[PDB]
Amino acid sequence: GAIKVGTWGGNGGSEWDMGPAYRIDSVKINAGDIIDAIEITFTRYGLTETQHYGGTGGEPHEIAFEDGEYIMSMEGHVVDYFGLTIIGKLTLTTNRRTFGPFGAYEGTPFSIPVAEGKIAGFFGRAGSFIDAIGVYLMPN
């Protein structure tokens, strides 16, 4: 019933799945050389929730979405990080702003620009880092 695109990344870590949200309120990405973590605050069915995926490392970067602001694209790199296949660079683009790039490693690029509709949530794999990531797509 859902539209899920991904994942991009490795087979390490544990599977995680935020599910789609009615509204994404804010995102925090922790990154150093690679993407350590992603945290999302979102609202659905009248309730707000915060979910954190990944480890404790990296410098934090946060965006609080404006009213009418939605995620239009995600892009990054799947990298080799000391033998691990993980997310090394990540950017989220909204209808108004660019959030990123964060991370310093490159490898195999991926990009998911949404010409019609929106990125409504995320899924992926994580342990100490973000091993893999994917998106839920919903109509606008």
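Residue indices: 1-based, along the sequence shown.
The mean C-alpha temperature factor is higher for 55 to 63 when 70 to 78 and 55 to 63 are set side by side. Per-stretch averaging of Cα B factors for 83 to 91 and 106 to 114 places 83 to 91 on top. The PDB entry assigns residue 132 a C-alpha temperature factor belonging to the lowest third of its chain's modelled residues. In the deposited entry, the Cα temperature factor of residue 9 sits in the middle third of values across the chain's modelled residues. Sorting the modelled residues of the chain by their CA temperature factor places residue 119 in the lowest third.
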